[PDB]
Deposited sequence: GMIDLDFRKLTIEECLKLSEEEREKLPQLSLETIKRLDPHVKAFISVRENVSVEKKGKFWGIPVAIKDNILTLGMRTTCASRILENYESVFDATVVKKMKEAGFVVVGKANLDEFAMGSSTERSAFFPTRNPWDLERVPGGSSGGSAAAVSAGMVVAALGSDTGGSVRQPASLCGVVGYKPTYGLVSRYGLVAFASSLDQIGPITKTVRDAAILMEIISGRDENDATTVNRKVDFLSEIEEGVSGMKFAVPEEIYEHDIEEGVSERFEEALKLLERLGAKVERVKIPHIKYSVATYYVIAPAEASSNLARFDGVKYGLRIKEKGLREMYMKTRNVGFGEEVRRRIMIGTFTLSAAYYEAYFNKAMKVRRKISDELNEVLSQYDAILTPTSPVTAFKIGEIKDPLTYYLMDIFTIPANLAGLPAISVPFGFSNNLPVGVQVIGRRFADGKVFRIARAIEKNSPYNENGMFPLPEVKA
């Protein structure tokens, strides 16, 4: 329909059907929605100056948020760090150039864990972002600002970054779609990143098709990023064709961890839905998958490190211990990086073996729904939040999180993982889940209505 009946609910595809008059109001209406909702959600670090809308590109006028570790003209890029509070790149990341050339309007920069080092957005130097479904709770992370902004309807879509789950996991916790493409499909030129072998930029959206559309836009060879491939992948063409006759694998490992009961229940229902649509679902055993998290935590940080009062006894001891731990960790990386890379190859091989016989691997995106801000102080617990998302980064595989109902009144995500360059199939499977979900209305997952 041609009229914008509720800006918060708008998808990219609905925007395309708006009359020109209604469409040219979108960037301003986004700014107004941010002004109303962001004092509660705290998704944004900065917003743009409201300016004339260009009617250039197919996707002209459509407002989007960009995670603030992605460099942008016009607005500062803080990486949610105090030291970069006033930093201006005067330069657009390749993915931002692409978005803007397609017509999208970057209305703001979204909050993140400082330097993208976290899983809940609480480590932002500025403030925590709050989950639109429950403002006491985390939106996940590190792309929490981006997921919260989409969920709350402040923007139509967003970009985040994903090293070990940081697009998929916040999308899961906020009840929106989060996509991480095959390694090599999206330029990291303009991403302020500490792990070259693991990161992709990915879209966060209100629908599965909207994520495929952004993938069509941001993907492609970039001479400024030598990791980008020349292979063209079609994300959208087959998206409606369903999953009848497909075969899906579920890792036994999922069942060997005590996850949130409602998350388990939602996941089993998704599996049953897939069987009703004419697919088969089988448990598989992936021998080295249990080493994924430990392997990730050698490689990702190894990469990062290679890119008057009668007081003070406590501080000095803590300092010495902290400096000591740092030097010891350096030793560990030296002793164990090569072995971690061998284990990474092995995990990757085993996943490719599974994906030679099955169309995709299915897991819950997260073992839990959104936890409270200030709730998780246990280090081991915190670092296990990416348990199910990490393997796709290790193996360079396409993976999507798609909402599938609720647990404890909070959104649950289901993850589809495909073989390298099978992004189109991943999107096709995800779309079948969304279209047929008993928790969606007309193939669309509910979006929360934050009180102004």
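Stretch of the deposited sequence lacking C-alpha coordinates, numbered from 1: 308-331 only.
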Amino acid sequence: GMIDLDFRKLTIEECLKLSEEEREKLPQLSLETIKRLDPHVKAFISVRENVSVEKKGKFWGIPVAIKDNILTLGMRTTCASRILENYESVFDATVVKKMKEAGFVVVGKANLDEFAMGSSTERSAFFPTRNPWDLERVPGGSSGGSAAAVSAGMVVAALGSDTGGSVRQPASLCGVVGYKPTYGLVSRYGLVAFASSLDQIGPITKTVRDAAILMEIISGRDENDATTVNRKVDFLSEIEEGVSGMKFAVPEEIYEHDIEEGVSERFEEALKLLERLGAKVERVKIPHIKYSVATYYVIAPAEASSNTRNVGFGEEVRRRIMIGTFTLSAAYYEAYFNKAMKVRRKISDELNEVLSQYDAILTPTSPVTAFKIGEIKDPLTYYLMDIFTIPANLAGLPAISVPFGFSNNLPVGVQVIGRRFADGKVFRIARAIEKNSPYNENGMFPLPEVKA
From here on, numbers count along this sequence of modelled residues.
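Stretches 253-261 and 224-232 differ in mean CA B factor, with 253-261 having the higher one.
As the entry records it, the average C-alpha temperature factor is higher for 79-87, out of 362-370 and 79-87. Between the residues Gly144, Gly312, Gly242, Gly108, the entry's highest C-alpha temperature factor is the one at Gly312.
When the C-alpha B-factors of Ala294, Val208, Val156, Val95 are read from the PDB record, the largest value belongs to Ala294. Among the modelled residues of its chain, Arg266 has a C-alpha B-factor that falls in the middle third according to the deposited record. Residue-level temperature factors show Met444 in the highest third of its chain, judged at the C-alpha atom. In this PDB entry, the Cα temperature factor of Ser437 sits in the middle third of its chain's modelled residues. In this PDB entry, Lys58 carries a Cα temperature factor that places it within the middle third of its chain's modelled residues. Split the chain's modelled residues into thirds by C-alpha temperature factor. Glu216 is in the lowest one.
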